[PDB]
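Listing of coords_27.txt; format and content: compact mmCIF, C-alpha atoms.
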# COMPACT_ATOMS: atom_id res chain seq x y z
CA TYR A 142 149.34 9.65 217.84
CA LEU A 143 145.58 9.63 217.27
CA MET A 144 145.71 13.44 217.37
CA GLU A 145 147.77 13.76 214.19
CA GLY A 146 147.52 11.50 211.16
CA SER A 147 149.65 8.80 212.76
CA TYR A 148 147.68 5.74 211.68
CA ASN A 149 150.18 2.98 210.95
CA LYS A 150 152.00 3.56 214.23
CA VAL A 151 148.63 3.33 216.00
CA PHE A 152 148.00 -0.02 214.36
CA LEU A 153 151.51 -1.01 215.47
CA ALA A 154 150.61 -0.07 219.03
CA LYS A 155 147.54 -2.15 218.32
CA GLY A 156 149.21 -5.40 219.28
CA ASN A 157 152.30 -3.68 220.61
CA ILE A 158 150.49 -3.51 223.94
CA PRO A 159 152.96 -4.24 226.74
CA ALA A 160 150.56 -4.10 229.68
CA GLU A 161 147.75 -6.69 229.33
CA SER A 162 144.95 -7.76 226.96
CA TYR A 163 143.11 -4.39 226.50
CA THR A 164 141.16 -6.20 223.79
CA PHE A 165 137.71 -4.66 224.36
CA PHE A 166 139.33 -1.24 224.19
CA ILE A 167 141.41 -1.78 221.08
CA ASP A 168 138.34 -3.19 219.33
CA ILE A 169 136.43 0.01 219.97
CA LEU A 170 139.68 1.55 218.77
CA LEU A 171 139.64 -0.89 215.86
CA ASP A 172 136.28 0.53 214.83
CA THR A 173 136.36 4.25 215.64
CA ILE A 174 139.25 4.26 213.15
CA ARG A 175 137.39 2.01 210.67
CA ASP A 176 134.91 4.80 210.12
CA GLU A 177 137.86 7.21 210.03
CA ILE A 178 139.57 5.49 207.10
CA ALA A 179 136.04 4.94 205.73
CA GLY A 180 135.90 8.70 205.67
CA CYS A 181 139.50 9.09 204.51
CA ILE A 182 138.73 7.44 201.17
CA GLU A 183 136.22 10.28 200.65
CA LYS A 184 138.82 12.97 199.96
CA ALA A 185 139.81 14.22 196.50
CA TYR A 186 141.82 11.25 195.25
CA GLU A 187 142.46 9.64 191.87
CA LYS A 188 141.24 6.25 190.65
CA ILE A 189 142.52 3.92 193.36
CA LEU A 190 142.92 0.34 192.14
CA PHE A 191 141.72 -2.74 194.02
CA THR A 192 144.99 -3.08 195.91
CA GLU A 193 145.99 0.23 197.55
CA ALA A 194 142.89 1.16 199.54
CA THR A 195 142.27 -2.57 199.73
CA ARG A 196 145.43 -2.89 201.85
CA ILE A 197 145.39 0.40 203.75
CA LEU A 198 143.42 -1.15 206.59
CA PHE A 199 144.19 -4.80 207.40
CA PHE A 200 142.39 -6.90 204.78
CA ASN A 201 143.51 -9.01 201.82
CA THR A 202 140.22 -9.46 199.81
CA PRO A 203 137.10 -10.10 201.91
CA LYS A 204 133.77 -8.47 201.08
CA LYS A 205 134.57 -5.81 203.67
CA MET A 206 135.61 -3.71 200.68
CA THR A 207 132.07 -4.42 199.48
CA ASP A 208 130.78 -3.33 202.90
CA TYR A 209 132.54 0.01 202.55
CA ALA A 210 132.33 0.22 198.74
CA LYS A 211 128.56 -0.25 198.98
CA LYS A 212 128.33 1.71 202.24
CA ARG A 213 129.91 4.82 200.73
CA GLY A 214 130.91 5.59 197.17
CA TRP A 215 134.28 4.95 195.51
CA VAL A 216 132.24 2.21 193.94
CA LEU A 217 133.42 -1.21 192.71
CA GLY A 218 134.48 -0.72 189.08
CA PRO A 219 137.06 -1.76 186.48
CA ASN A 220 139.85 -1.88 189.08
CA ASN A 221 138.25 1.39 189.93
CA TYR A 222 137.21 3.55 192.87
CA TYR A 223 135.02 6.43 191.70
CA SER A 224 135.74 10.06 192.64
CA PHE A 225 132.60 12.16 193.03
CA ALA A 226 134.65 15.20 194.10
CA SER A 227 131.93 17.71 193.27
CA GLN A 228 132.05 20.46 196.00
CA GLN A 229 130.09 22.78 193.70
CA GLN A 230 126.74 23.97 194.98
CA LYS A 231 127.34 25.90 198.21
CA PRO A 232 128.92 29.29 197.10
CA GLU A 233 127.33 32.41 195.53
CA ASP A 234 125.05 33.46 198.36
CA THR A 235 124.27 37.17 198.53
CA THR A 236 120.74 36.86 199.91
CA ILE A 237 121.78 35.27 203.22
CA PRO A 238 124.23 38.20 203.62
CA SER A 239 121.40 40.38 202.34
CA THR A 240 119.42 39.28 205.40
CA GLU A 241 122.16 38.97 208.00
CA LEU A 242 123.76 42.23 206.98
CA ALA A 243 120.30 43.73 206.92
CA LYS A 244 120.25 42.76 210.57
CA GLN A 245 123.78 44.00 211.33
CA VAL A 246 123.48 47.42 209.68
CA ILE A 247 120.32 48.14 211.66
CA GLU A 248 122.25 46.98 214.73
CA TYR A 249 124.84 49.61 213.83
CA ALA A 250 122.12 52.25 213.53
CA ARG A 251 120.66 51.35 216.93
CA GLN A 252 123.85 52.07 218.87
CA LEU A 253 124.70 55.11 216.82
CA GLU A 254 121.87 57.61 217.23
CA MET A 255 119.53 56.03 219.77
CA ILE A 256 120.76 57.10 223.19
CA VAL A 257 121.56 54.24 225.53
CA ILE B 157 99.66 89.68 214.45
CA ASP B 158 98.30 91.28 217.69
CA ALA B 159 94.84 92.43 216.60
CA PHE B 160 93.73 95.76 218.06
CA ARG B 161 90.75 98.09 218.45
CA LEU B 162 90.41 101.76 219.44
CA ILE B 163 89.70 103.01 222.94
CA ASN B 164 87.88 106.30 223.46
CA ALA B 165 90.13 109.26 224.27
CA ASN B 166 87.08 110.77 225.99
CA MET B 167 87.60 108.46 228.96
CA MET B 168 91.30 109.37 228.87
CA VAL B 169 90.10 112.95 229.34
CA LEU B 170 87.92 111.61 232.19
CA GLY B 171 91.02 110.02 233.73
CA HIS B 172 88.99 106.84 234.09
CA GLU B 173 90.20 103.29 233.53
CA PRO B 174 88.16 101.28 230.99
CA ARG B 175 87.72 97.60 230.27
CA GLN B 176 87.12 96.31 233.83
CA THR B 177 89.13 93.06 234.13
CA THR B 178 86.97 90.20 235.43
CA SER B 179 89.28 87.41 234.23
CA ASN B 180 92.98 86.56 234.44
CA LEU B 181 93.16 86.44 230.65
CA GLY B 182 94.22 89.92 229.51
CA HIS B 183 97.58 90.66 231.13
CA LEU B 184 99.27 87.50 229.87
CA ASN B 185 101.30 88.88 226.97
CA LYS B 186 103.56 91.77 227.66
CA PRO B 187 103.25 94.60 225.14
CA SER B 188 106.09 95.54 222.84
CA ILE B 189 108.12 98.61 223.67
CA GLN B 190 107.61 100.10 220.20
CA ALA B 191 103.83 99.91 220.37
CA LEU B 192 104.22 101.25 223.90
CA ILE B 193 106.01 104.21 222.30
CA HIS B 194 103.05 104.42 219.93
CA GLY B 195 99.40 104.87 220.94
CA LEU B 196 99.55 101.61 222.84
CA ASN B 197 97.52 102.08 225.91
CA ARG B 198 96.22 105.55 225.26
CA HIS B 199 94.24 104.96 222.08
CA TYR B 200 93.92 101.19 221.54
CA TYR B 201 94.15 97.83 223.25
CA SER B 202 95.55 94.41 222.42
CA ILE B 203 93.51 91.22 222.05
CA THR B 204 94.75 87.75 222.88
CA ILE B 205 94.00 85.45 219.93
CA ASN B 206 94.54 81.81 219.02
CA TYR B 207 93.66 79.42 216.22
CA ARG B 208 91.14 76.76 215.25
CA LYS B 209 92.36 73.61 213.52
CA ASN B 210 91.44 69.97 213.04
CA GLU B 211 93.09 66.63 212.24
CA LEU B 212 91.22 66.75 208.90
CA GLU B 213 93.62 69.58 208.09
CA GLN B 214 96.56 68.50 210.29
CA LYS B 215 97.00 65.16 208.54
CA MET B 216 96.55 66.57 205.06
CA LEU B 217 99.19 69.22 205.57
CA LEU B 218 101.61 67.07 207.56
CA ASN B 219 101.48 64.06 205.20
CA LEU B 220 102.01 66.23 202.13
CA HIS B 221 104.59 68.91 202.84
CA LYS B 222 107.96 67.11 202.72
CA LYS B 223 107.53 63.69 201.12
CA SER B 224 110.05 61.68 199.18
CA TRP B 225 108.54 59.18 196.77
CA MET B 226 110.89 56.30 195.89
CA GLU B 227 114.14 58.25 196.11
CA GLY B 228 115.80 56.38 198.98
CA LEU B 229 115.21 53.29 196.84
CA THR B 230 118.02 54.46 194.53
CA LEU B 231 121.80 54.19 194.65
CA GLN B 232 123.11 57.80 194.58
CA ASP B 233 125.77 58.18 191.89
CA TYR B 234 127.51 54.91 192.47
CA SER B 235 130.89 55.88 191.05
CA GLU B 236 131.03 59.19 192.92
CA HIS B 237 129.96 57.74 196.26
CA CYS B 238 133.36 56.20 196.95
CA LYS B 239 134.98 59.14 195.17
CA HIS B 240 133.27 61.58 197.53
CA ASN B 241 134.28 59.30 200.41
CA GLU B 242 137.86 59.82 199.27
CA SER B 243 137.11 63.54 198.85
CA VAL B 244 136.37 63.82 202.58
CA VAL B 245 139.00 61.49 204.06
CA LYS B 246 141.84 63.22 202.18
CA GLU B 247 141.46 66.56 203.96
CA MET B 248 140.28 64.72 207.07
CA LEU B 249 143.89 63.50 207.28
CA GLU B 250 145.37 66.99 207.50
CA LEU B 251 142.54 68.05 209.78
CA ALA B 252 143.56 65.17 212.04
CA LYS B 253 147.11 66.52 211.82
CA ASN B 254 145.68 69.76 213.17
CA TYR B 255 144.16 67.61 215.90
CA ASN B 256 147.73 66.44 216.44
CA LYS B 257 148.51 70.16 216.68
CA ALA B 258 145.79 71.59 218.93
CA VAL B 259 145.89 69.17 221.86
CA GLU B 260 149.54 69.91 222.61
CA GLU B 261 148.94 73.45 223.93
CA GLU B 262 147.06 72.00 226.84
CA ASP B 263 148.92 71.71 230.16
CA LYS B 264 149.37 75.41 229.37
CA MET B 265 147.39 78.67 229.65
CA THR B 266 143.82 78.61 231.01
CA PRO B 267 140.95 77.24 228.87
CA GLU B 268 139.16 80.59 228.88
CA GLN B 269 142.19 81.90 227.01
CA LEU B 270 141.84 78.69 225.01
CA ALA B 271 138.29 79.95 224.33
CA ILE B 272 138.78 83.61 223.40
CA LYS B 273 142.05 82.82 221.61
CA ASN B 274 140.36 80.48 219.09
CA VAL B 275 138.21 83.04 217.24
CA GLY B 276 140.56 83.59 214.32
CA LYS B 277 141.58 80.10 213.30
CA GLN B 278 139.65 76.88 212.90
CA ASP B 279 139.55 74.08 215.39
CA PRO B 280 140.03 70.43 214.43
CA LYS B 281 137.63 69.16 217.10
CA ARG B 282 134.17 70.31 216.03
CA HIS B 283 135.16 70.38 212.37
CA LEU B 284 136.36 66.80 212.78
CA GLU B 285 133.26 65.39 214.46
CA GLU B 286 131.18 67.06 211.77
CA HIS B 287 132.89 65.07 209.00
CA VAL B 288 132.79 61.83 210.98
CA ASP B 289 129.00 62.16 211.09
CA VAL B 290 128.80 63.09 207.40
CA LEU B 291 130.87 60.08 206.34
CA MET B 292 128.93 57.82 208.71
CA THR B 293 125.37 58.67 207.67
CA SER B 294 126.55 59.12 204.09
CA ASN B 295 127.83 55.55 203.99
CA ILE B 296 125.31 53.54 206.02
CA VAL B 297 122.26 54.70 204.03
CA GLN B 298 123.87 53.75 200.72
CA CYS B 299 124.90 50.41 202.23
CA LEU B 300 121.51 49.31 203.58
CA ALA B 301 119.53 50.78 200.67
CA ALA B 302 121.96 49.02 198.36
CA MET B 303 121.35 45.72 200.10
CA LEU B 304 117.56 45.65 200.24
CA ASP B 305 117.20 45.62 196.46
CA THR B 306 119.18 42.39 196.24
CA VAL B 307 116.36 40.69 198.13
CA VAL B 308 113.40 42.59 196.71
CA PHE B 309 114.39 42.55 193.03
CA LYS B 310 114.73 38.82 192.24
Produce structure tokens that represent the structure in this file.
Amino acid sequence: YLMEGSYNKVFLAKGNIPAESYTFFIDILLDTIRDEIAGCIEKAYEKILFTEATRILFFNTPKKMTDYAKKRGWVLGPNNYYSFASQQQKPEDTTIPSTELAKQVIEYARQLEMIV
Amino acid sequence: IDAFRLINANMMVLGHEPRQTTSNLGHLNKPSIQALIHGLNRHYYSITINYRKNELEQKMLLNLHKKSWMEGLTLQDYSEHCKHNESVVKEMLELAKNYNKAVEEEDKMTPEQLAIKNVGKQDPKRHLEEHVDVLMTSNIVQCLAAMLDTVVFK
């Protein structure tokens, strides 16, 4: 279930342990998914109010939303989580292909006329 | 060139052999049959020659005879490059159909008859591998020379 986006069922299993305590393991598991939701807020979403992403984990209103809201963005606002969905700068690169392809075309010319 | 000089016919009347070889340097070039028909060895002799040269000349004739200037730093008729590429591939198709014609008479008569017999009509093999080379070197030069200017000019 951790492979796909099964989250809520995983937090049902969390507790729904039939075998024994497993507490030290499900607390590492309680974290290594805390940073996972703490990344899952960072996708292209709308203005999330102070209830939805407040209750997606397992909290009512501590300052753990201040721990993550000051750790990452989606900053504390007027019932507001801020979307800095920019994704702008990285395209329009010809020069890096104008170096790599400058390598590759010469590599074509090496095994084309030069006898091997 | 083969520079010459007379020999005396007086010694030919004497029946005597001139010029008294003391070095393995004369009989190195065989004389031509036409000059042998002419006065060749009865009235004149050949002289082995060579040339004097120096790097002072060698460089200044080598470095100057066939020199492009900035021509490979151009783009070569950028509309008609792909158009010419079409203008080879189009008949290269039917020439490849002839290559789908000429292989099939193997497992047949001997290849010497498949050598004499092919002097009236074209073969797809050599004519094919010509055009593959022409398309290849025609394309790759325009590609790389097209791509350097992207770096160099801004």
Near chain B, 9 Å: chain A residue rows, closest pairs, all atoms listed in the file, as a tab-separated table:
residue	atom	partner	partner_atom	distance
A:235	CA	B:306	CA	7.6
A:236	CA	B:307	CA	6.1
A:238	CA	B:303	CA	8.8
A:239	CA	B:303	CA	5.8
A:240	CA	B:307	CA	8.0
A:242	CA	B:303	CA	8.1
A:243	CA	B:300	CA	6.6
A:246	CA	B:300	CA	6.7
A:247	CA	B:300	CA	8.3
A:249	CA	B:296	CA	8.8
A:250	CA	B:296	CA	8.3
Quick one, how far is atom CA of residue 252 of chain A from atom CA of residue 232 of chain B? 25.0 Å
Extract, using only C-alpha atoms, all DNA, RNA and protein residues at most 12 Å from residue 227 of chain A, discarding same-chain residues fewer than 6 positions from it, and format them as a PyMOL selection string. chain A and resi 183-186
Write the selection just made, keeping C-alpha atoms, as a PDB file, in the coordinates of the input?
ATOM      1  CA  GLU A 183     136.220  10.280 200.650  1.00  0.00           C
ATOM      2  CA  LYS A 184     138.820  12.970 199.960  1.00  0.00           C
ATOM      3  CA  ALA A 185     139.810  14.220 196.500  1.00  0.00           C
ATOM      4  CA  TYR A 186     141.820  11.250 195.250  1.00  0.00           C
TER       5      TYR A 186
END
So how many Å separate atom CA of residue 214 of chain A and atom CA of residue 189 of chain A, to one decimal?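 Those two atoms sit 12.3 Å apart.
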Report the distance between atom CA of residue 181 of chain B and atom CA of residue 202 of chain B in Å, rounded to one decimal place. 11.7 Å
Closest to residue 191 of chain A among A:150, A:229, A:203, A:212, using all atoms listed in the file? A:203
For residue 156 of chain A, which of A:171, A:220, A:213, A:177 is the closest residue, counting all atoms listed in the file? A:171
Using only C-alpha atoms, the residue out of B:214, B:224, B:164, B:254 with shortest distance to residue 201 of chain B is B:164
With all atoms listed in the file as the atoms that count, which of A:255, A:187, A:245, A:204 lies nearest to residue 222 of chain A?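 Under the stated criterion, the closest residue is A:187.
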Which residues come within 8 Å of residue 200 of chain B, counting all atoms listed in the file, excluding same-chain residues fewer than 2 positions away, as a list in words?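 Non-adjacent residues within range: residues 160, 161, 162, 163, 195, 196, 197, 198 and 202 of chain B.
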